[PDB]
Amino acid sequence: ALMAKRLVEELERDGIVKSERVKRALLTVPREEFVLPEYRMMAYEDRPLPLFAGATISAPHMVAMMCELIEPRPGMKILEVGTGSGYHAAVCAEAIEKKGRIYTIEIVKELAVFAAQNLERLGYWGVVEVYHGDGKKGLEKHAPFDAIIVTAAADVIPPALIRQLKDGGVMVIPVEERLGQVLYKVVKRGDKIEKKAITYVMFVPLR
């Protein structure tokens, strides 16, 4: 509790957690429950903890930046690309106050089994849905989406996710450019795109 209270306050003064709604989600969400038992001690630390199969639980700053950028409001249909631990998915679920749905796709079958497991241990099942598949393809079974969060570094923006984005929809996609990856925000204006650039992020590449 105290480590969680200190973390989100530290984040607030840095100017990451601008929204109170985003902050409440961070405080509510136990990261300890998404990390593997050994990393429980370091769960509250603001760095990407290691996970099996190349996955890494995205740092609490990386998660607050993406939630902040998708403009969280209740009743959102959200597509999280690259579930991993599913920690980001629970944070988006609290940000929408459990009203709506978090659809989350994962290339690794093993990883999807672990994320879905943690999401049941806390009560996110139903609100959050896990799929074993391709992030580039996306979920056309439930599309269009209010927010799409790409928790992996694309070489180029997949066109299958811009089209799976509904009118007014936000997509926060790390794109691997020169001198590193740039966190990008994409805004859909009916038929027009708005590719806006934020900060230089460190993310695992997209398959």
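Don't overthink the numbering: it's just position in the shown sequence, from 1.
For the pair 80-88 and 117-125, the mean B factor over Cα atoms is greater in 117-125. For the set 139, 62, 152, 170, the maximum C-alpha B-factor listed in the entry falls on 139. Split the chain's modelled residues into thirds by C-alpha temperature factor. Residue 17 is in the highest one. Annotation for residue 183: C-alpha temperature factor in the lowest third relative to the rest of the modelled chain, per the entry. Per-chain ranking of the deposited C-alpha B factor places residue 38 in the highest third. When all modelled residues of the chain are sorted by CA temperature factor, residue 45 is found within the highest third. For residue 66, the recorded CA B-factor ranks within the lowest third of the chain. Only modelled residues enter the ranking.
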